[PDB]
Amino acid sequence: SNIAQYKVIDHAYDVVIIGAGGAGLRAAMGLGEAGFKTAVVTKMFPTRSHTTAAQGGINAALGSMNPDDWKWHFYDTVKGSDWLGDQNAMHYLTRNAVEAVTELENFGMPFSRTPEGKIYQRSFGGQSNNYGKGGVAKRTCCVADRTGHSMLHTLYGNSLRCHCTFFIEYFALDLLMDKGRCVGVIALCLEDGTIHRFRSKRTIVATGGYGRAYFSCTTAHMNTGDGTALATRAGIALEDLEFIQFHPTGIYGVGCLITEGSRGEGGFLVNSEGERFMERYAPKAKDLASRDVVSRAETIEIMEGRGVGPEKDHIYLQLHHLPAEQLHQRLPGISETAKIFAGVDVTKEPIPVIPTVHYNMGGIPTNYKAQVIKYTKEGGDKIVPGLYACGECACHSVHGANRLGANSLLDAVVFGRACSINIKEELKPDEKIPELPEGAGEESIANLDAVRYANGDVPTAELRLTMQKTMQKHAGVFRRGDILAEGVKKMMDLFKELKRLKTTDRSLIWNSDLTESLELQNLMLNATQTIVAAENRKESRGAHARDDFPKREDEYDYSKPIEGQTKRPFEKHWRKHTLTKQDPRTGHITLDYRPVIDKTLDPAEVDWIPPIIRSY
């Protein structure tokens, strides 16, 4: 607090949700209508959240288009996760998917419909019937080309009837910790420069992803990883951050998502020599393979000179063979985006595309009840009292090493809701709102002030741009031990340059220079932890593909028959969660590794799925 003066305002809520995308708003609803005094803190108006950009759909085995079983969806999720996913959590996800989505419709979400008047469903990458044996599933429930927008506007409007109290354009700075427990959140109010401390029994982190740590992504400028930075700063280790989804078809020059629904509706990829090359890379599932696989194929075609256009450095998504009636009813959003950003009529021409950073299966680790955890070799999983987390900022981990399309809006709602279910069940009127420690939040303001007045010789925008470029180069689709190790050098230096930071706008009111400089502090933590974990992982699993360790390394070799082998010990196989523990001041990162949870919630309801060679 040392140079300037700061007006600190204190609040007292039962629970405090950081974020108002799908996940955050859903928690807010359940808690609101369960009588709790609920504060929603969000750094933008909730409709602006990234959930709103979501296009393709939300998964649930409704069986609107053909028969379906939630178990076939559970299967597909697990195989998608390349056996890094936690099966308790993937179970809870898919068990609940039909209730969660129907709730949405019942809330008023205007799903596209079938002639029978049921929710329309399209096909999407990585999904099947009959536990992998059957054909391409139709589980992906849509509102055309803008499923996320509907879902978010519905969840926002419905939040308006459950007496939550919104603190909008409030930038979260730190969790308020008190001897291992979270007692609330401290934030800056953009409108009037005030600093706000919220005292709360519970705190939910629902801040979204850190896609903006890369040079090119489909994410919003607001995807800065503040939430996972909040946890770092609170002394919590993050999980599986090296697992970064490259969605296959972002727009080439610009980064804008084109939905996997394009392919689900019958679109396909094409290379310079006119080939639907995904027949070679995935004979069964073709252009609807898992996202990690499909982006790789694409990336190889470039490297091997089948890339398309002037620089032969991207490829073509072809829809023009599909009828305009279908292109209009099923993909209006992208039809227009295609025109605006690439000058493309999708009924006549194909869209230039290239894999692009898009999701973060990584995040704050939690049990299946969405409660944040710490982990030691000797004590196991210890919950962090008071603290839940959900959505993309979380790692439950329902996605493991590759997230399956339309499982995210899903996960956000299901575990958003889980958060409120799990708190009504356990938090009881007995327990009263915790008092704040003396000095609580003082370190956060000090950082703010220090950044606000930052003297140095590197402006916040330059340092960011070089972070984003370093990262694009070293931690991309295909990684390698050296390139990674050089990458980590350049990244821990950029972390060093952080002390030579320049800001300029010295105001407290709507100072976005300041917040974007906090966002770079927040992004760097994420980025450094992402790359060191990536550098250390000498295997290939899901999105994370090592050229110099091209094999997936499980406790067995699941290509051979199981019986007859001896189980490899924990320290030589990589079927295990990465944990990054970072000192915010120094930047020093250390690693531990936490075992995957293979058992389901209930064997009598569903059997777990032992690992196998992953192929589409």
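All residue numbers are counted from 1 along the displayed sequence.
- Per the PDB record, of the two stretches 540-548 and 142-150, 540-548 carries the greater mean B-factor over its C-alpha atoms.
- If you average the C-alpha B-factors over 219-227 and over 528-536, the higher value belongs to 528-536.
- Highest CA B-factor among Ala12, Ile18, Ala23, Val606, as stated in the entry: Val606.
- Out of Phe478, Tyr214, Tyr316, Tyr170, the entry records its largest CA B-factor for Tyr316.
- Per-chain ranking of the deposited C-alpha B factor places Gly30 in the middle third.
- Among all modelled residues in its chain, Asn66 ranks in the middle third by Cα B-factor.
- Ranked by C-alpha B-factor against the other modelled residues of its chain, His588 falls in the highest third.
- Annotation for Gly333: C-alpha temperature factor in the lowest third relative to the rest of the modelled chain, per the entry.
- In the deposited entry, the Cα temperature factor of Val41 sits in the bottom third of values across the chain's modelled residues.
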